[PDB]
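> Before I ask anything, here's the sequence and the deposited coordinates:
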Amino acid sequence: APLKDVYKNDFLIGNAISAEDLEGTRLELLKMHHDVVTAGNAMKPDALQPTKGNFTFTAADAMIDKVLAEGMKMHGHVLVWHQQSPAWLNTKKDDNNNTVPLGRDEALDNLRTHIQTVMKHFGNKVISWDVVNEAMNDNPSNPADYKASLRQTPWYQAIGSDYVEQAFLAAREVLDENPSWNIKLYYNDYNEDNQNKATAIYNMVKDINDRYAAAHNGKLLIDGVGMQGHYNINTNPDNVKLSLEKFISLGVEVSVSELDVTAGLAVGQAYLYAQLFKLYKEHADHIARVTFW
Ligand SMILES: [Cl-]
Ligand SMILES: [Mg+2]
Ligand SMILES: [Mg+2]
């Protein structure tokens, strides 16, 4: 029995792939088991805009056209990240070879231009975008203050703590101009079963959604939270439940975006995969997708 068939009414079953998937023997297993795919590398910022104004969509287009041709859906990953993201977006070299943040006006223009050009280029070919990935520190000591809990990445240093909201606003504008496109906008993070981090993420989303909702008659700016699901055989499943119930109470949908269970035994994986799938089935009304990496 394919996972895809077992969870048909519950959630999409997904996989992360590359170009060499999609060929011959790998292609038939892909389709048999999965409804949705995410490109592992091909839609990241370094692959789509490697120098200023120079968008390179050929390889990504080829991949997405083939996935669509094959009857599967595509999840877009990722518009904004501090890894695999070219320096010119948010920094420059000063006179003495030191890399320094660009000003807020210039970096905000770059941020908005990258989000919007990418989202418009793919249009309705994706079912969802991870607009922002991994913006929160690990184990933040003060999750009551989400802005103080943000990782101080290059976007943060150029724009400040409101770059997350601005990124989602840039993406939301694209969807408002193109209401025929059915696309959910996600915020994505890992170690979501750390209760301080889940709390900081929940407070960030709630503050950003609330202010938006109050100005736009209850519409969400952030549609989804993605739990990456980089778990290990010692991952406590009650922690994953607390976090999931916490994200559900924001009225967002939830997805599991990069599920894998590594060592701290095959048996220990099975223990945890069953506890997780049990928990998902229980909350399937709120979970859109579960994707393995
Ligand atoms: Cl290319
Ligand atoms: Mg569901
Ligand atoms: Mg490309």
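Received it, and whenever you're ready, just let me know what you need. Residues are numbered from 1 along each chain as shown. Ligands and ions are numbered 1, 2, ... in the order given.

> mind listing the helices in the stretch 1-150 of the chain by residue range?
3-6, 24-33, 45-48, 58-69, 104-122 (DSSP state H, counting those that start in this stretch).

> Just the residues contacting the helix ranked longest in the chain, thanks.
Longest helix in the chain by number of residues (criterion: DSSP state H): helix 195-215. For helix 195-215, contacts defined as CB atoms under 8 Å, 6 or more residues apart in numbering pick out 135-141, 143-147, 149-150, 164-165, 168, 187, 189, 191-192, 219-222, 225, 239, 242-243, 246-247, 249-250, 252. (C-beta placed from N, C-alpha, C; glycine too.)

> Buried only: go through these for me.
Buried residues within the contacts of helix 195-215, counting neighbours by 16 or more other CB atoms under 10 Å: 135-137, 140, 143, 146, 149-150, 164-165, 168, 187, 189, 191-192, 220-222, 225, 243, 246-247, 250, 252.

> May I have the phi/psi pair for residue 82?
The phi and psi torsions at residue 82 (degrees, to the nearest 10) take the values phi -90, psi 0.

> Does it touch residue 157 like I think?
No: Residue 82 lies out of contact with residue 157 (CB atoms under 8 Å); the separation is 10.0 Å.

> So which bits of the stretch 51-200 of the chain are right by ligand 3?
Within the stretch 51-200 of the chain, the positions near ligand 3 by CB under 5 Å from the ion are 56-57, 59-60.

> Repeat the analysis, applying 8 Å as the threshold.
For the stretch 51-200 of the chain, the residues in contact with ligand 3 (CB under 8 Å from the ion) are 56-62.

> what's the next secondary structure element after the longest helix of the chain?
Sequence-wise, the next helix or strand downstream of helix 195-215 (DSSP states H and E) is strand 224-227.

> Just the contacts of helix 195-215: which are in strands?
Of the contacts of helix 195-215, the ones assigned to strands by DSSP state E are 187, 189, 225.

> Please report how far residue 265 lies from residue 233.
Distance of residue 265 to residue 233, given as CB to CB, to the nearest Å: 7 Å.

> Residue 219 too?
Applying CB to CB, the value for residue 219 to residue 233 is 41 Å.

> swap in residue 84?
Counting by CB to CB, the gap from residue 84 to residue 233 is 28 Å.

> tell me which element whichever residue of the stretch 151-293 of the chain sits closest to ligand 1 is part of?
In the stretch 151-293 of the chain, the residue that lies nearest ligand 1 is residue 174 (21.7 Å; CB to the ion). Counting by DSSP H and E, the element that carries residue 174 is helix 163-177.

> Which residue, other than its chain neighbours, is closest to residue 51?
residue 88 (6.3 Å; CB to CB, 6 or more residues apart in numbering).

> Was I right to think the one you found contacts residue 46?
No: here residue 88 does not reach residue 46: they are 10.6 Å apart, not a contact under CB under 8 Å.

> circling back: what is the burial count for the residue nearest to residue 51?
By the criterion of other CB atoms under 10 Å, residue 88 has 15 neighbours.

> Now for it: which residues touch it?
So, once contact is read as CB under 8 Å, 6+ apart, residue 88 ends up touching 51-52, 110.

> mind listing what the one residue sitting closest to the centre of the chain touches?
Centroid check for the chain by CA atoms, centre = their mean gives residue 130 as the closest residue, at 3.1 Å. By CB under 8 Å, 6+ apart, the contact set of residue 130 is 75-79, 186-188, 226, 257.

> Only C-alpha atoms, please: export stretch 112-123 in PDB.
Only the C-alpha atoms of stretch 112-123 are listed here, as PDB (Å, rounded to 0.1, in the frame of the first residue of the first chain):
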ATOM      1  CA  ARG A 112      10.700  42.700  -2.300                       C
ATOM      2  CA  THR A 113      12.000  42.400  -5.800                       C
ATOM      3  CA  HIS A 114      13.300  38.800  -5.300                       C
ATOM      4  CA  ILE A 115      10.000  37.600  -3.700                       C
ATOM      5  CA  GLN A 116       7.800  39.200  -6.200                       C
ATOM      6  CA  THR A 117       9.700  38.300  -9.400                       C
ATOM      7  CA  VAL A 118      10.000  34.700  -8.300                       C
ATOM      8  CA  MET A 119       6.400  34.300  -7.200                       C
ATOM      9  CA  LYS A 120       5.200  35.900 -10.400                       C
ATOM     10  CA  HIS A 121       7.400  33.800 -12.600                       C
ATOM     11  CA  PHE A 122       5.900  30.500 -11.200                       C
ATOM     12  CA  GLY A 123       2.400  31.700 -10.900                       C
END
